[PDB]
Amino acid sequence: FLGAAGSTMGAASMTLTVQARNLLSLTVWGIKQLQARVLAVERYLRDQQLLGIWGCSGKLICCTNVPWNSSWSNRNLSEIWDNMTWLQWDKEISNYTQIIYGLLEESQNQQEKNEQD
Amino acid sequence: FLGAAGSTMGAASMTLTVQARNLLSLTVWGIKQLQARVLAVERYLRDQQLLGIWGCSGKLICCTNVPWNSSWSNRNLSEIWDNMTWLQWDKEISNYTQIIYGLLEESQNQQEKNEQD
Amino acid sequence: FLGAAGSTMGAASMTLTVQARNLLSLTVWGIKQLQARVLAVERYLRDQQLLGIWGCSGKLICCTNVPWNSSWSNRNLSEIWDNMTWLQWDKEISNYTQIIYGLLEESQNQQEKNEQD
Amino acid sequence: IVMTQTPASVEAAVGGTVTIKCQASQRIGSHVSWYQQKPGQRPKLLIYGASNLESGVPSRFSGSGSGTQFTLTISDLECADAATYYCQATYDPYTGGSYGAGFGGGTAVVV
Amino acid sequence: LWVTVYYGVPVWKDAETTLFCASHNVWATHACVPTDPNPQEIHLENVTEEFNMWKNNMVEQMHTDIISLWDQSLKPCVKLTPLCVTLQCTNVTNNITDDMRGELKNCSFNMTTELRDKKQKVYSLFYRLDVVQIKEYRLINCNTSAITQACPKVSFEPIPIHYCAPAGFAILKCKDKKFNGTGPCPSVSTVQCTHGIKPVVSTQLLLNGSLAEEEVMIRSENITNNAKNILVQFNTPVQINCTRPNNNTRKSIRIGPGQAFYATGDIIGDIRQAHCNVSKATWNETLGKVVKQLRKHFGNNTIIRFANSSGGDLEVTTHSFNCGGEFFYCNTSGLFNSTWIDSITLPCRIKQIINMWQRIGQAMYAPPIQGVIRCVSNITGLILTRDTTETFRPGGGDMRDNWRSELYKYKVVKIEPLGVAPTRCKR
Amino acid sequence: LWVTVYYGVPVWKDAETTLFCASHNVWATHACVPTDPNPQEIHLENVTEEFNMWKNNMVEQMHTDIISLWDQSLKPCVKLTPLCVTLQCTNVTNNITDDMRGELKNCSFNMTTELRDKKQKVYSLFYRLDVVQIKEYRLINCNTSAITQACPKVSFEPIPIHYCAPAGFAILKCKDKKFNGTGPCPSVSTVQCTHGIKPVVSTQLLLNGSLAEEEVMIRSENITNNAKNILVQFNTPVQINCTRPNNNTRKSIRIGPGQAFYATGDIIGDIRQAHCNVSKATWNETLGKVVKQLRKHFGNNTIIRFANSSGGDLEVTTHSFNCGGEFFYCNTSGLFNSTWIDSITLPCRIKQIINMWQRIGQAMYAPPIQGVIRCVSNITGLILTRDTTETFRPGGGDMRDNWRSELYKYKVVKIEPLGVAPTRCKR
Ligand SMILES: *[C@@H]1O[C@H](CO)[C@@H](O[C@@H]2O[C@H](CO)[C@@H](O[C@@H]3O[C@H](CO)[C@@H](O)[C@H](O)[C@@H]3O)[C@H](O)[C@H]2NC(C)=O)[C@H](O)[C@H]1NC(C)=O
Ligand SMILES: *[C@@H]1O[C@H](CO)[C@@H](O[C@@H]2O[C@H](CO)[C@@H](O[C@@H]3O[C@H](CO)[C@@H](O)[C@H](O)[C@@H]3O)[C@H](O)[C@H]2NC(C)=O)[C@H](O)[C@H]1NC(C)=O
Ligand SMILES: *[C@@H]1O[C@H](CO)[C@@H](O[C@@H]2O[C@H](CO)[C@@H](O)[C@H](O)[C@H]2NC(C)=O)[C@H](O)[C@H]1NC(C)=O
Ligand SMILES: *[C@@H]1O[C@H](CO)[C@@H](O[C@@H]2O[C@H](CO)[C@@H](O)[C@H](O)[C@H]2NC(C)=O)[C@H](O)[C@H]1NC(C)=O
Ligand SMILES: *[C@@H]1O[C@H](CO)[C@@H](O[C@@H]2O[C@H](CO)[C@@H](O)[C@H](O)[C@H]2NC(C)=O)[C@H](O)[C@H]1NC(C)=O
Ligand SMILES: *[C@@H]1O[C@H](CO)[C@@H](O[C@@H]2O[C@H](CO)[C@@H](O)[C@H](O)[C@H]2NC(C)=O)[C@H](O)[C@H]1NC(C)=O
Ligand SMILES: *[C@@H]1O[C@H](CO)[C@@H](O[C@@H]2O[C@H](CO)[C@@H](O)[C@H](O)[C@H]2NC(C)=O)[C@H](O)[C@H]1NC(C)=O
Ligand SMILES: *[C@@H]1O[C@H](CO)[C@@H](O[C@@H]2O[C@H](CO)[C@@H](O)[C@H](O)[C@H]2NC(C)=O)[C@H](O)[C@H]1NC(C)=O
Ligand SMILES: *[C@@H]1O[C@H](CO)[C@@H](O[C@@H]2O[C@H](CO)[C@@H](O)[C@H](O)[C@H]2NC(C)=O)[C@H](O)[C@H]1NC(C)=O
Ligand SMILES: *[C@@H]1O[C@H](CO)[C@@H](O[C@@H]2O[C@H](CO)[C@@H](O)[C@H](O)[C@H]2NC(C)=O)[C@H](O)[C@H]1NC(C)=O
Ligand SMILES: *[C@@H]1O[C@H](CO)[C@@H](O[C@@H]2O[C@H](CO)[C@@H](O)[C@H](O)[C@H]2NC(C)=O)[C@H](O)[C@H]1NC(C)=O
Ligand SMILES: *[C@@H]1O[C@H](CO)[C@@H](O)[C@H](O)[C@H]1NC(C)=O
Ligand SMILES: *[C@@H]1O[C@H](CO)[C@@H](O)[C@H](O)[C@H]1NC(C)=O
Ligand SMILES: *[C@@H]1O[C@H](CO)[C@@H](O)[C@H](O)[C@H]1NC(C)=O
Ligand SMILES: *[C@@H]1O[C@H](CO)[C@@H](O)[C@H](O)[C@H]1NC(C)=O
Ligand SMILES: *[C@@H]1O[C@H](CO)[C@@H](O)[C@H](O)[C@H]1NC(C)=O
Ligand SMILES: *[C@@H]1O[C@H](CO)[C@@H](O)[C@H](O)[C@H]1NC(C)=O
Ligand SMILES: *[C@@H]1O[C@H](CO)[C@@H](O)[C@H](O)[C@H]1NC(C)=O
Ligand SMILES: *[C@@H]1O[C@H](CO)[C@@H](O)[C@H](O)[C@H]1NC(C)=O
Ligand SMILES: *[C@@H]1O[C@H](CO)[C@@H](O)[C@H](O)[C@H]1NC(C)=O
Ligand SMILES: *[C@@H]1O[C@H](CO)[C@@H](O)[C@H](O)[C@H]1NC(C)=O
Ligand SMILES: *[C@@H]1O[C@H](CO)[C@@H](O)[C@H](O)[C@H]1NC(C)=O
Ligand SMILES: *[C@@H]1O[C@H](CO)[C@@H](O)[C@H](O)[C@H]1NC(C)=O
Ligand SMILES: *[C@@H]1O[C@H](CO)[C@@H](O)[C@H](O)[C@H]1NC(C)=O
Ligand SMILES: *[C@@H]1O[C@H](CO)[C@@H](O)[C@H](O)[C@H]1NC(C)=O
Ligand SMILES: *[C@@H]1O[C@H](CO)[C@@H](O)[C@H](O)[C@H]1NC(C)=O
Ligand SMILES: *[C@@H]1O[C@H](CO)[C@@H](O)[C@H](O)[C@H]1NC(C)=O
Ligand SMILES: *[C@@H]1O[C@H](CO)[C@@H](O)[C@H](O)[C@H]1NC(C)=O
Ligand SMILES: *[C@@H]1O[C@H](CO)[C@@H](O)[C@H](O)[C@H]1NC(C)=O
């Protein structure tokens, strides 16, 4: 059901409905199933909470109020969307994940709410 | 808390806030409670995931971009909303559920997103 | 990570992204962890279900169609937002919680849906 | 189920150089062999993988490539060394086998 | 005005949940969540909150879990049922001091070998406190409960654990010097996990706990009601040095297929009495501080008398000390012998058959430890009871009163993030 | 440009999770999730991924679960403690061949009856490998561990199981012929569940596993380091036919209320030695292929010598074969007897007292099976160790090195569906 099969980010961005569904889909082999079901739920909810707080809930593609900081990359969109595998991209900017996520939260709480009320 | 008590689809569509809430609401009778709580959560989340992917999240009534295919029914809306019990309706078109759901996902991913970005 | 640290409701309403995240964040000390994880999930989902049914999903601040009934309070907004700690406020109107919540559900099901379809 | 070849036909003077090129529809590492087929004869192997010649093959034949882009350079062309050259994928990325699995070509090299 | 819904509001209410353990040893378990190497503590400005150490359910959870672990860890061990046999037994006299006369006995008996059709004659040296005279003796508790030996590889060291709230919950800590057992305090902070608490098990004198920072604290329910225990927390440690001077050996005796009994062996060197040394001047200053604080509730010119103990069993009248896995029952008299208007040597006894949290129906046998034991501990507080002059003496009781002295600072609350307020806006 | 968030991105990272079982027998459990009758396999074009069979935690889970099941399934069975009695015992000579002289003994003993005040005199024929001479004998392990008989209704057949990842996780399979134990491979597919793996337990020769598809595969860590095992996977099966020719009977002897011991009975017909027949020509071609492949790492003109075994216990020096529930320890010599520059009959022994995964502290007794056993298996690979000439010989070790030969193709990964990229759009 996975992509990144030579699929560059442009094409890969269109297969999101598949990968988004396979996230949820007292014997030795008894208790283990209960523990495994709980784990699957936990991961699902953590991602949904982030989409919620950033205002991306219900969407596969979410444009936000955070500008791209050039310190995060050394390529043009015309280079990455056409030549890079989603998987390669994620590895290249992995060390900025926590920066972007914090900015995304502020971009909602303040910009779309405290300033809108 | 259940409807379909002689309630045709028109009237039944208005009671959705009740039925939508009763979905979530190491001894022999110890471990069983833990297993039962996990099951209740699992069912709740599966329905929420479908509403999310179809763009029906947060709504009780959701109009979509999928046209009704006449091959799915032999009745007018003027006949089913007034004369059929929600329960009867669900049984009559049960064999098309998987068709409609696949169409609903495409109607979002492509029509409301890949074509909007 | 908690507020209400002398923070009146005005200021407190701006820290919601923090408190909203710490809600999700067969040995004696084995089975207990499994039970505790299930509890944390259960509480998270109950609050999300209420936000969903009231049309407040995805938001930290949600204005609704329910008017404030003066029988619920003895103060002006100019008095409570500036002089009361969120915590004090919640205690003062705690006995009306169930009234407000029922009104909020009707304010969606009927006013935003049955009357919009 | 992998290779395509594009030059179709090339002419050169005696002592000159020509090149030909193949592409893979799927990445196949360095798993491309090359053949020389003279008219009326069964084909001869020139190259094992993208960078390796078979013993007995003149040093004037050489090549390289990886992933999906592969080439063959034939220098010091000898008079009347005319042949059709071909590419073969020696790796099947779908089944995992490593054997000739798809073949194609056509170069009309004339000297 | 209109109703506006807010989510993530900083509101909490009192709650009871189970707690997570964070951190081979009998209690350590080695199945706890690794702790946060850089834990956070969040101060709450202008927050006053009410705590009650006597009604704190964290105490009950510590008690329940430690008992359950005791059994989960020691249950899969060798049973000693075959030792409930008439013993032939006489006094050890070969190389002893006067203080040890009658303390040890050399017992011998007919016991099952690897084969069930054969018997072996074996011997073990037992402490007087473990046998009952019927030269014929019975082991203590062969008429009351089954005896299981503890597994020799299991450590009894009081390795600390931390309790952590589940997401959706938090633990509030009362950071307030001079705060007694109950009431509001103006200094509160939020933590997710507690400080590490060592599951130290003792009676009369609390060992290796936390210290008070400004003054000796006297915490009790009521005070004037003399049916309650007084927990006294020192603001300075008193160092106590305990020893078991005899060099012991041990024997492994097969009691049937797959099992062996750890018997005591012979003693190397002369036989001396176990004892604890409490620094004397330190102890005298420490009690003077306790007295000055006690007078605040009894009168500035009231005589405060300290007595040794009430009558009772060893678990009541002697200090209970568990170190190295050995079980000591110390005299604790001479420490409490004054009216208030070098070292103190406390003779101490050793017992191997233990009845502890489950007072009846179950017994555990502490196997011998070879060599000599030296143990140094911090006295951090006292358990006192009260009787012109007030009389106080060492008390005791269930472990809950000792463990609550490390949890008096914590309360469990739940977070209620969803609520409403009137605003000038509308949908 | 602006940050755009994408959800459901096809991104994965290495992960360790527990796996689900999908599929009365001792391992089958009959509490697994029914498998998908039409499972999917999804090919990943242009994906190269790195696998390492020696660091694969799926091996550790198989090992841990199979051991836990062994005990969960055999724990609630009759204990044989009463048989640890001096036995009076002499050789079986009534109708035997030369190869069996001294192999079986007729033992008799005094054992507990339904009533505890009465004894019965019973007998059983034991294999030499199960007793210790003290005409007086002890059973093996009555001086080491408790012996519990396996329940007679429990099957030991190696019924295959499938491992399945939890939602949010996936298993990647390396579909690459000629792929060795480590490194990247260009052919990867995604599955949710593994192929079925039979929990076959053996030593020296791997039975009933998967075959290589193009060439005999030689997989090892290092190769040049002779401290590591070499796993050799055949691309063709070698058929091996094992038998236990004696027609046995069995007896049920009550050992007290609610319990009975399964004793061996009398033997019908003459007594012959158990043995295995390996087709000879097939075996000779199979090793020739192994040798041609071994030379790739040792030299084209290097002599490859095969020796029978190192010294050691039966679990090391003989082939371990479990079939019908009977436990065989086969000679495995003559199969490895060459330098490389009809059938082979392997004499085989039978043992009933088993010490397997838990090497000490526990023993299991295999009850007798009535009648005659004939078993046909596929040799799918070898466990070899290495010592001008290289010398190789059958090896052994913990079961993890045998089970990893069926899991070398799999890796567990986690899905990380949420991430960002710069785009020409904005909110
Ligand atoms: C109060 O805290 C002190 C300090 O942690 C505890 O003392 C420690 O006790 C353990 C157990 O007896 C000692 O460990 C042993 O050390 C010997 C080597 O000398 C080793 O052979 C044993 O196998 C074992 O590891 C530890 O050294 C000792 N620490 C110090 C600094 O002396 C004391 O037990 C605690 N009090 C109570 C009542 O629990
Ligand atoms: C390798 O695979 C083969 C084929 O599955 C295994 O052989 C099978 O072994 C079982 C157990 O001994 C046989 O079942 C028995 O059959 C008799 C009737 O003949 C019945 O009375 C017993 O109650 C039991 O059901 C099974 O027939 C046999 N299969 C074949 C085709 O002969 C072999 O055991 C595996 N090797 C190893 C080491 O596990
Ligand atoms: C059960 O079915 C009956 C009809 O078969 C429903 O009765 C009618 O309800 C309508 C309102 O929807 C009224 O205007 C009619 O006058 C009723 N008929 C009679 C004879 O009284 C009845 O409402 C159904 N039950 C429920 C709960 O909907
Ligand atoms: C605790 O309460 C005090 C007042 O009782 C708050 O102090 C004032 O805060 C405002 C800002 O909101 C300042 O303009 C005033 O000058 C402060 N007063 C003084 C005397 O300095 C205090 O901020 C509250 N604590 C918190 C965290 O909000
Ligand atoms: C694997 O990579 C190759 C290129 O290295 C991709 O092949 C090209 O795909 C484009 C469409 O995106 C076609 O227009 C080209 O003609 C293809 N090249 C050749 C030589 O055929 C291939 O599509 C990638 N695999 C996947 C699944 O995307
Ligand atoms: C007895 O109390 C002393 C004093 O509090 C403890 O020694 C301190 O330990 C902390 C670490 O927990 C160090 O940071 C201090 O520097 C130490 N102070 C001194 C004077 O040494 C001692 O560890 C306690 N002993 C026991 C068994 O708990
Ligand atoms: C308990 O033992 C400690 C040592 O572990 C004793 O303190 C030491 O005393 C010597 C002098 O005899 C000094 O040289 C050391 O520097 C001291 N060590 C420490 C850490 O202070 C202590 O006196 C003993 N207590 C009792 C009551 O006997
Ligand atoms: C508390 O101290 C008193 C006074 O010493 C103890 O009473 C007697 O003490 C003498 C030694 O001076 C003993 O020989 C007597 O046997 C003690 N009397 C009794 C009845 O035992 C008193 O026992 C001490 N109490 C405790 C619990 O130790
Ligand atoms: C021994 O190996 C043979 C050959 O691989 C196995 O027989 C094949 O079994 C598959 C089903 O798994 C069939 O589709 C093939 O047609 C069979 N081939 C032949 C030649 O019979 C045989 O089952 C294996 N034996 C054991 C015990 O595993
Ligand atoms: C192992 O047993 C098989 C049968 O289960 C033997 O193969 C059979 O041999 C006879 C001739 O004696 C043929 O008629 C059958 O058709 C063969 N059957 C099969 C399935 O091949 C095999 O030879 C025995 N192996 C050894 C080493 O003795
Ligand atoms: C490996 O083979 C050698 C050679 O046969 C074995 O050595 C001796 O073999 C003879 C039979 O030819 C026996 O009678 C001797 O008892 C064997 N010697 C010893 C010391 O046992 C050798 O034992 C074989 N090794 C293994 C593990 O089977
Ligand atoms: C105990 O008795 C045995 C004889 O049964 C003797 O050898 C041993 O020395 C005695 N031990 C002591 C401490 O008296
Ligand atoms: C053993 O101790 C008792 C109690 O003190 C004493 O009466 C008896 O005489 C002692 N026996 C020996 C041999 O010393
Ligand atoms: C062992 O049993 C014999 C039976 O004759 C008895 O005389 C002897 O005193 C017993 N010995 C012990 C140490 O109990
Ligand atoms: C065991 O014997 C002692 C003898 O002092 C007695 O006090 C105790 O009550 C007895 N135990 C039981 C359970 O009867
Ligand atoms: C603790 O302090 C409060 C006042 O803050 C006081 O009312 C209460 O009685 C004190 N507790 C005890 C046991 O004296
Ligand atoms: C206690 O003090 C005495 C001297 O009065 C000394 O001989 C003994 O060893 C000390 N014991 C301990 C445990 O320090
Ligand atoms: C403590 O020691 C004294 C001797 O000073 C003794 O009289 C008293 O009985 C002992 N107390 C206990 C509880 O052992
Ligand atoms: C208490 O003090 C007196 C002296 O006033 C002394 O004789 C007695 O032995 C002391 N008691 C203890 C237990 O040390
Ligand atoms: C202990 O305090 C008493 C007064 O209560 C005093 O008489 C005595 O001298 C003091 N002893 C020491 C060692 O300080
Ligand atoms: C074993 O001994 C019994 C007598 O106790 C005899 O009847 C039986 O035939 C013997 N069995 C064998 C195999 O020698
Ligand atoms: C039993 O076997 C041993 C070992 O081979 C042999 O010495 C003995 O003589 C045999 N006994 C009989 C009765 O054959
Ligand atoms: C059974 O016990 C008697 C006791 O007199 C003994 O003579 C006999 O040898 C024992 N028999 C067996 C088979 O152990
Ligand atoms: C049991 O006896 C055998 C005799 O050969 C010995 O090697 C083994 O070590 C003994 N078992 C134990 C646990 O001592
Ligand atoms: C497996 O193949 C890689 C190259 O793809 C090589 O580097 C590695 O050494 C090989 N493994 C062994 C054990 O030789
Ligand atoms: C092995 O081969 C022999 C003939 O050499 C035959 O008698 C025997 O039955 C065969 N055994 C098996 C298990 O096939
Ligand atoms: C295998 O059989 C040979 C006889 O050919 C024998 O010498 C050797 O000791 C046996 N090996 C084992 C491990 O039983
Ligand atoms: C190994 O081969 C030799 C002949 O070279 C033969 O005599 C010997 O018995 C064989 N070894 C085995 C175990 O079959
Ligand atoms: C087995 O291979 C050897 C060479 O290593 C050869 O001499 C022998 O004849 C072969 N035997 C069979 C049955 O093929």
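Chains as they are written, first to last, in the entry's author numbering: chain B, 522 to 546, 568 to 659; chain D, 522 to 546, 568 to 659; chain I, 522 to 546, 568 to 659; chain L, 2 to 95, 95A to 95F, 96 to 106; chain G, 34 to 56, 66 to 141, 150 to 184, 189 to 309, 312 to 323, 323A, 324 to 396, 412 to 457, 464 to 503; chain A, 34 to 56, 66 to 141, 150 to 184, 189 to 309, 312 to 323, 323A, 324 to 396, 412 to 457, 464 to 503. Even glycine gets a Cβ: it sits at the ideal position worked out from N, Cα and C.
So what's residue i in DSSP terms, helix, strand or just coil?
i                      : result
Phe522 of chain I      : coil
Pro609 of chain D      : coil
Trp479 of chain G      : helix
residue 460 of chain A : A gap in chain A, from 457 straight to 464, means residue 460 of chain A has no coordinates in the model shown.
Which residue from the options puts its Cα closest to that of residue i?
i                 : options                                   : result
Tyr586 of chain D : D:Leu545, D:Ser615, D:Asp659 and D:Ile595 : D:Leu545
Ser264 of chain G : G:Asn356, G:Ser274 and G:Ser447           : G:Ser447
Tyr217 of chain G : G:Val345, G:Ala224, G:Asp140 and G:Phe53  : G:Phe53
Can you list the residues of chain L that residue i reaches, using a CB-CB cut of under 7 Å?
i                : result
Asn88 of chain A : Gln27 and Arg28
List the residues of chain B whose Cβ lies closer than 8 Å to the Cβ of residue i, in chain order.
i                 : result
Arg588 of chain D : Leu545
Check the C-beta distance from residue i over to residue j and give it rounded, since I have them as a contact under 8 Å.
i                 : j                 : result
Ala433 of chain A : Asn195 of chain A : 5 Å
Taking C-beta pairs closer than 8 Å, name the residues in chain A that residue i reaches, listed in chain order.
i                 : result
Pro313 of chain G : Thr123, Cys126, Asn195, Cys196, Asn197, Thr198, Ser199, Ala200 and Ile201
For a contact defined as C-beta to C-beta under 7 Å, what are the partners of residue i on chain I?
i                 : result
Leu646 of chain D : By Cβ distance, chain I contributes nothing, its closest Cβ being about 18 Å from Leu646 of chain D, past 7 Å.
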